[PDB]
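Protein chains in written order, with PDB author numbering: chain LA, 1 to 265; chain UA, 1 to 265; chain OA, 1 to 265.
The beta-carbon is built from N, C-alpha and C at its ideal position, and this holds for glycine as well.
Notes follow once the structure below has been shown.
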Amino acid sequence: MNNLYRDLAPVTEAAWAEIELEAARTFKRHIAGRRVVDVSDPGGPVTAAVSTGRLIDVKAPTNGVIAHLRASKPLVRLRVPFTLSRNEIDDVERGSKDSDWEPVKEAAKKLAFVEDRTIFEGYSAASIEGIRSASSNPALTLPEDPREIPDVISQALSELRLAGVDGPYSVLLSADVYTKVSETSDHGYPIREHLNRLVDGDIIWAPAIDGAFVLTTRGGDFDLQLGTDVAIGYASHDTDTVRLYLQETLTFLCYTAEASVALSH
Amino acid sequence: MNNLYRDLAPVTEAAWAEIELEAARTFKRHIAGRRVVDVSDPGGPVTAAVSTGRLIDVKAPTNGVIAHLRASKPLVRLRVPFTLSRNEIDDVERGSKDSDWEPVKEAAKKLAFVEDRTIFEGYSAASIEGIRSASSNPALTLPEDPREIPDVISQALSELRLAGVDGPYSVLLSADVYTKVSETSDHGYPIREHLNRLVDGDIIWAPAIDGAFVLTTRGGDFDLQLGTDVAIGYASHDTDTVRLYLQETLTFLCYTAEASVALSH
Amino acid sequence: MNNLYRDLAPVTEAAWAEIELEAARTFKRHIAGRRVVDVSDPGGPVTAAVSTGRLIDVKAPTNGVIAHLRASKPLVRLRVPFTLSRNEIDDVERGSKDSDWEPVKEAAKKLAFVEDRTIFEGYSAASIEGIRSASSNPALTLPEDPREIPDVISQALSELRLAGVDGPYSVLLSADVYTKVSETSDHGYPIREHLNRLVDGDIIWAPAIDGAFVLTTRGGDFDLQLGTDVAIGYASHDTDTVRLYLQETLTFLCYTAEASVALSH
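Have a look at this one:
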């Protein structure tokens with residue numbers, strides 16, 4: 001067995017298939033970051049750091065010796081525990097199709113939110129700079145009126161053009177901004193369609209982020225490094241409940257500072 | 001070896017591939033001129049002039065002798081030096097993917113700007129007349145209001161129609177004008193889309209030019225002659241930096257005076 | 001080419017072969033550490049850190065999220081520059097066999113001394129704990145009289161026996177201690193032979209270390225990780241001299257605290 005200790009969990013095979021399906025579905029729906037960044041293959045469990053290729057000056061060991069430390073970025077392992085009713089698990093073999101997988105959905109939504117907020121806003125404790133912090137283009141303010149959203153977005157499209165950047169540009173919106181441009185309409189279309197006319201990429205719902213992000217998806221600018229992708233593991237169990245977790249280990253690198261514009265309220 | 005002296009540069013193979021990729025990418029993005037003019041095959045290093053096929057009267061050598069000089073256009077070699085950190089070059093073999101290629105990008109942007117400004121505004125010292133100067137159609141004034149841009153552009157489309165010209169017409173805009181028609185919107189579309197409806201060619205971002213240019217891309221009207229295309233060459237190096245250059249040799253010919261309209265502010 | 005920039009050096013092929021032979025020979029003679037520790041295959045230039053498999057508690061990103069940083073050990077790149085006369089280099093093609101390779105020998109001796117002192121005494125700036133510091137067995141004092149050396153060494157052999165350890169034990173001596181037990185004799189043998197009778201391993205000359213070390217060579221206790229093994233690289237040159245360097249990148253790990261005894265004066 002492995003670190004998931006999956007065979008020790010009192011979960012049947014059919015219940016496991018339903019839990020895997022629910023977690024994978026809810027996660028994909030709430031991920032916006034993997035649609036725009038380069039996603040590496042999983043390195044594996046032993047992978048601990050990503051080389052940046054830079055060098056750090058250290059106090060010379062002896063006379064005439066020049067020493068340099070190799071710089072690297074550590075992976076962070078992110079774990080979201082959740083708790084399942086054993087009655088709901090037992091219902092699945094009897095043929096129930098409405099078993100309560102709400103904790104699985106909440107854990108997948110929380111893991112997806114962490115991953116997206118780590119990619120776009122950073123996680124300083126894990127030495128990850130967000131796309132918002134690593135952007136060299138000027139930051140823009142989103143207006144109160146949703147009918148004035150496409151104007152400011154177009155100004156962001158000016159800045160990537162002034163930065164000398166090609167590629168399909170894509171706009172990612174926070175859930176508040178996505179709702180505002182979805183529910184306001186002008187001439188038989190919502191403002192989301194007006195945003196769709198400005199770019200050759202995609203208007204992407206990004207419920208974890210704040211503000212908005214416009215960026216190129218030409219490739220090679222944004223890199224998500226995975227040691228291991230999302231997995232479900234077993235912690236402990238009692239007569240009534242099974243404690244499990246969702247787990248993934250990653251770091252994020254931004255190679256190109258001028259490939260994005262961040263917007264705030 | 002050749003005049004690039006490329007093997008003498010202290011640049012690794014992987015670093016060379018990254019520099020070539022960065023320079024080629026940034027150059028294409030900033031070229032507008034090659035999308036509309038006929039571009040010849042590279043003549044080669046020995047190519048020095050392009051025959052125009054005209055004749056120049058010279059003082060008769062002797063009695064009964066009629067002499068004429070063949071007219072030609074000289075090529076100009078354009079060189080943009082740039083300077084790279086050797087630490088950034090050394091980072092590439094160690095696996096860095098964020099090496100500072102800003103000087104390469106600035107050199108490619110500057111070379112592209114020179115080439116486009118030479119094609120459209122001319123370079124008198126190199127005996128190159130620009131498209132703006134060689135146009136026989138009347139010049140138009142671009143209005144201050146971007147909502148009045150498509151009107152004047154349509155008047156330019158009248159002039160090529162009054163000049164008796166067929167073919168897909170294409171509109172090239174300066175970066176100021178492109179930004180103005182991109183960021184102003186009317187009825188759910190930016191003014192750039194309104195320009196796109198007027199022509200069967202393309203709205204082309206041309207950040208080097210001034211004003212705007214409307215012209216036919218039927219072929220055979222505008223000819224860019226290349227002796228050698230863009231190449232990267234090695235000048236000199238020290239402990240910290242490598243001096244290199246971008247280099248291209250060309251001339252530009254406009255055969256058809258009535259195939260274009262220039263616009264100014 | 002690579003980071004060594006070897007083809008840029010004004011060094012002939014025969015001179016290169018002599019320099020490689022001299023450096024490799026002098027290095028092996030002065031290495032004691034690789035004879036007793038496990039030496040990994042070279043990871044390669046991109047390798048920057050070694051995973052330890054441990055976890056570091058970090059401030060929770062959000063509520064209900066448990067985060068942990070993966071622990072790792074950075075590699076250190078160690079570079080010893082040296083300077084060669086170009087006349088000595090030119091002598092080699094003419095058939096000289098006494099070309100002055102003293103700087104190569106001094107650079108190889110200095111690199112070997114650094115590597116051995118890093119393995120056995122540590123390099124705190126590179127986060128490397130030495131075998132002396134990581135040993136859990138008690139430290140012993142070497143006596144002034146060399147005839148009393150084998151007694152104390154035998155007490156060290158008691159401690160590894162009290163630590164519950166098997167395997168061929170090996171004794172490494174500093175150059176002072178090796179000279180003292182080599183030059184003092186008892187009953188027709190030097191004291192080095194008396195040390196040789198106590199162990200089934202080897203009396204190893206270790207000129208870089210202080211004191212003495214007794215340890216098991218059963219395997220899996222001491223691990224030297226190499227990104228890249230010893231290589232010769234080219235820095236710069238003038239009319240008279242060529243500046244080159246010896247370079248290696250490594251870290252050292254001690255997995256088993258009770259597998260060694262350190263001795264001091």
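So the candidates are the options; which of them puts its Cα closest to the Cα of residue i?
i                       : options                                       : result
UA/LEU246               : UA/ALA259, UA/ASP229 and UA/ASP240            : UA/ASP229
UA/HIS265               : UA/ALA108, UA/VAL152, UA/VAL242 and UA/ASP57  : UA/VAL152
OA/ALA139               : OA/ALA15, OA/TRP101, OA/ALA259 and OA/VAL242  : OA/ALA259
LA/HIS187               : LA/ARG147, LA/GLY167, LA/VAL199 and LA/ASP223 : LA/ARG147
UA/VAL199               : UA/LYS73, UA/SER158 and UA/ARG29              : UA/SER158
LA/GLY201               : LA/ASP166, LA/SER182, LA/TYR178 and LA/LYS180 : LA/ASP166
OA/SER40                : OA/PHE222, OA/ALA235, OA/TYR123 and OA/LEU84  : OA/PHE222
LA/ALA126               : LA/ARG6, LA/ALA48, LA/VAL36 and LA/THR217     : LA/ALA48
LA/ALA15                : LA/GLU88, LA/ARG192 and LA/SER185             : LA/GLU88
LA/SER96                : LA/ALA108, LA/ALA212, LA/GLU18 and LA/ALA175  : LA/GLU18
LA/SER72                : LA/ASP145, LA/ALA134 and LA/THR52             : LA/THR52
residue 268 of chain LA : LA/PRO207, LA/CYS254 and LA/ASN2              : With chain LA represented from 1 up to 265, any question about residue 268 of chain LA goes unanswered, as that position is not in the structure.
UA/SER154               : UA/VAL171, UA/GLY219 and UA/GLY164            : UA/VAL171
LA/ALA23                : LA/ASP91, LA/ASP100, LA/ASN3 and LA/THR141    : LA/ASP100
LA/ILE119               : LA/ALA231, LA/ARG35, LA/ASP145 and LA/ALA67   : LA/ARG35
UA/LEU160               : UA/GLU183, UA/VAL92 and UA/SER136             : UA/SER136
LA/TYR255               : LA/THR141, LA/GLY130, LA/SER124 and LA/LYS180 : LA/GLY130
LA/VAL92                : LA/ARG243, LA/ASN63, LA/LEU244 and LA/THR12   : LA/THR12
OA/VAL177               : OA/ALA231, OA/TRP205 and OA/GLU193            : OA/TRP205
LA/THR26                : LA/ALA107, LA/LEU4, LA/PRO150 and LA/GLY43    : LA/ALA107
By DSSP's criteria, residue i is part of a beta bridge. Which residues make up the other side?
i         : result
UA/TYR245 : UA/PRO81 and UA/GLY233
OA/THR12  : Answer by DSSP bridge pairing: none, since OA/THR12 is not bridged.
UA/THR47  : DSSP lists no partner for UA/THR47.
UA/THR228 : UA/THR249
OA/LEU215 : OA/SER170 and OA/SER260
OA/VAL39  : OA/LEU224
LA/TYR189 : LA/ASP186
OA/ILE203 : OA/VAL171
UA/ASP57  : UA/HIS68
Count the other CB atoms within 10 Å of the CB of residue i; is the residue buried (16 or more) or exposed (fewer)?
i                       : result
OA/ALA262               : buried
OA/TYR234               : buried
UA/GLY33                : buried
OA/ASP210               : buried
OA/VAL214               : buried
UA/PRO190               : buried
UA/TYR169               : buried
OA/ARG197               : exposed
LA/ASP145               : exposed
LA/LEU8                 : exposed
OA/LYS59                : exposed
OA/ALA175               : exposed
LA/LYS28                : exposed
UA/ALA67                : exposed
OA/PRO150               : buried
UA/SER185               : buried
residue 267 of chain UA : No answer is possible for residue 267 of chain UA: the residues shown for chain UA start at 1 and end at 265.
OA/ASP98                : exposed
UA/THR179               : buried
OA/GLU20                : exposed
Would you please state the rounded distance, in angstroms, between the beta carbons of residue i and residue j? I believe it to be under 8 Å.
i                       : j         : result
LA/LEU226               : OA/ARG70  : The Cβ separation is near 13 Å, so there is no contact.
UA/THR241               : UA/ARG86  : 6 Å
UA/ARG79                : OA/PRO45  : Not really, about 33 Å apart at Cβ, beyond 8 Å.
LA/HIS237               : LA/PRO10  : 6 Å
LA/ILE56                : LA/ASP116 : Their Cβ separation, rounded to whole angstroms, is 31 Å, which puts LA/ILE56 and LA/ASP116 out of contact at 8 Å.
LA/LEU84                : LA/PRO61  : Between LA/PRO61 and LA/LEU84 the Cβ distance is about 55 Å, and since that is not below 8 Å, they are no contact.
LA/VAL114               : LA/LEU253 : Actually they do not touch by this definition, with Cβ atoms about 17 Å apart.
residue 291 of chain LA : LA/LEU173 : Since the first and last residues shown for chain LA are 1 and 265, residue 291 of chain LA lies out of range.
LA/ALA156               : LA/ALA257 : With 8 Å as the limit, LA/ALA156 and LA/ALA257 do not qualify as a contact, their Cβ atoms being about 15 Å apart.
OA/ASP38                : OA/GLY164 : The Cβ separation is near 20 Å, so there is no contact.
LA/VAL181               : LA/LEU195 : 6 Å
LA/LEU4                 : LA/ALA231 : 6 Å
Task: Within the region 59-142 of chain UA, ranges of the alpha helix (DSSP H) (whole runs, at least 4 residues) - done: Note on the region 59-142 of chain UA: whole alpha helix (DSSP H) runs with a minimum of 4 residues are 86-93, 102-121 and 131-134, in chain order.
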